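The structure appears right after this line, and notes come after that.
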Ligand SMILES: [Cl-]
């Protein structure tokens with residue numbers, strides 16, 4: 001029992017379930033008519049136009065049933081397919097694409113027992129990854145929105161809650177008009193891409209994309 | 001022309017072309033009968049049992065033709081499919097899987113001109129990503145080989161050659177004996193997974209795996 005999963009009940013209004021309330025949703029994407037994923041701009045860090053790609057659920061299962069558990073190869077594969085799709089939006093913006101599947105902020109370690117715990121009271125462990133663009137940090141690749149982040153060549157720090165020492169970067173909160181501009185362009189570039197021959201030839205029918213209408 | 005690609009000829013004996021020489025090759029995997037990828041243990045950093053998954057070439061193109069250029073969605077998608085497969089090796093070993101597609105060590109920036117340069121003299125830009133495992137750093141998840149890396153919850157630093165400030169984490173070179181054990185186990189776990197029922201269900205005929213034997 002070296003790796004353990006937290007057993008815990010999260011409120012329906014917890015941000016992990018009510019994921020659109022932050023107002024940053026780009027789309028929902030369904031893989032092989034079964035696995036459902038959300039693509040949102042990161043609500044707490046605008047650097048590199050960061051997105052989070054998150055596995056919601058399979059079929060009609062609850063979002064909760066996909067917390068704090070091992071993920072199947074199909075679930076992982078679907079996340080990675082949605083990631084492959086989203087890389088093309090960064091490419092069409094003229095950016096170098098980077099991405100990471102981490103989960104550090106919902107993982108912990110007890111040195112006394114040697115146990116690695118997956119999930120916390122504040123944050124469920126969800127199958128998800130981060131994606132962002134690199135380029136000139138001062139260039140507005142989307143009009144009115146500087147890319148931000150460190151210059152190419154340097155490590156982009158995604159910011160772990162748990163640190164052993166201070167770092168030389170921090171998250172940058174979204175300006176409201178900039179968030180709206182970035183969101184609109186991500187939606188448009190994705191919608192355009194889904195209409196391309198490249199999309200059809202590579203994904204065929206296996207990915208269905210529904211752009212989120214602002215509420 | 002804000003993103004530029006290096007025009008440069010690499011030696012045929014350069015480590016990027018002669019990839020097996022470091023002696024860390026796990027397998028070559030072909031996606032959809034066309035796109036060829038290598039999976040190796042990272043020759044310079046054993047922490048987390050890091051692997052590198054690298055795009056070699058398509059059909060009969062040279063390895064060099066896949067340096068210092070944009071990658072197509074098919075090339076990216078194939079990399080991510082091979083990644084999805086390799087996640088199952090880490091899962092089988094009882095590890096938390098993490099992975100990153102970065103490229104920082106082959107990307108540079110000139111602030112005076114605003115130009116991002118892809119590829120360098122010392123290192124071509126290749127389509128590739130890093131994967132590793134998290135857990136108790138002192139536990140030998142593979143007998144004879146402690147996992148190493150920082151405790152779960154902390155950020156794993158993959159090391160960028162270029163840094164604005166000194167960091168505390170550093171790469172740990174492979175011990176000869178440990179490398180043999182880790183490699184053997186990665187090959188074994190991959191072999192056990194490949195063509196098992198779960199692999200056939202998910203990947204069907206999509207992925208062809210050739211496990212490498214030392215000669
Ligand atoms: Cl300046």
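None of the figures in this text is laboratory data; all of them are computed from the coordinates on show. No Cβ is skipped: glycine too gets one built from the backbone with ideal geometry, and neighbour counts run over all protein chains shown.
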- line: Mean-square fluctuation maximum in Gaussian network of chain A, Cα pairs under 10 Å, restricted to A:62, A:30, A:164, hits A:164
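With an 8 Å Cα cut-off and a minimum separation of 6 or more residues, compute the relative contact order for the stretch B:59-215 in percent.
On the way: 139 pairs, mean separation 31.4, N = 157.
Normalised by residue count, the contact order of the stretch B:59-215 is 20 percent.
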message: I'd like to compare B:111-124, A:99-112: which one has the highest average count of other Cβ atoms within 10 Å, and what's the full order after that?
response: A:99-112, B:111-124
task: Within 10 Å of each Cβ in peptide B:201-207, how many partner chain Cβ atoms are there on average? Round it to a whole number, please.
output: 1
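Under the Kirkwood approximation applied to all pairs of distinct alpha-carbon atoms, what is the hydrodynamic radius of the protein assembly as shown in Å?
On the way: mean 1/r = 0.0450 Å⁻¹.
Here the Kirkwood hydrodynamic radius works out to 22.2 Å.
When the Kirkwood radius is taken over all Cα pairs of chain A, what Stokes-Einstein diffusion coefficient follows at 4 °C and 1.567 mPa s, in µm²/s? List each step's numbers first, then the result.
Numbers: Rh = 18.3 Å.
Estimated diffusion coefficient is 71 µm²/s.
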- line: Note: B:137-148 gets an average of partner chain Cβ contacts (10 Å, Cβ to Cβ) equal to 1
- request: Please list the radius of gyration and Dmax for the stretch A:64-146, considering alpha-carbon atoms only, with Å as the unit.
  value: 16.9, 52
- line: Here the whole-number average of other chain Cβ atoms within 10 Å per Cβ of B:81-91 is 4
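Taking the Kirkwood radius as the inverse of the mean 1/r across Cα pairs, report the Rg/Rh of the stretch B:29-103.
Values: Rg = 13.1 Å, Rh = 13.4 Å.
We get a ratio of 0.98 for the stretch B:29-103.
Please report the relative contact order for the stretch A:1-53, taking Cα pairs under 8 Å with a sequence separation of at least 6, and give it as a percent rounded to a whole number. Write out the running numbers ahead of the final one.
Numbers: 49 pairs, mean separation 11.6, N = 53.
Relative CO of the stretch A:1-53 lands at 22 percent.
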- request: Would you mind checking the stretch B:30-45 for residues with the amide N under 18 Å from a putative spin-label position 7 Å along Cα→C-beta of residue B:170?
  value: B:43-45
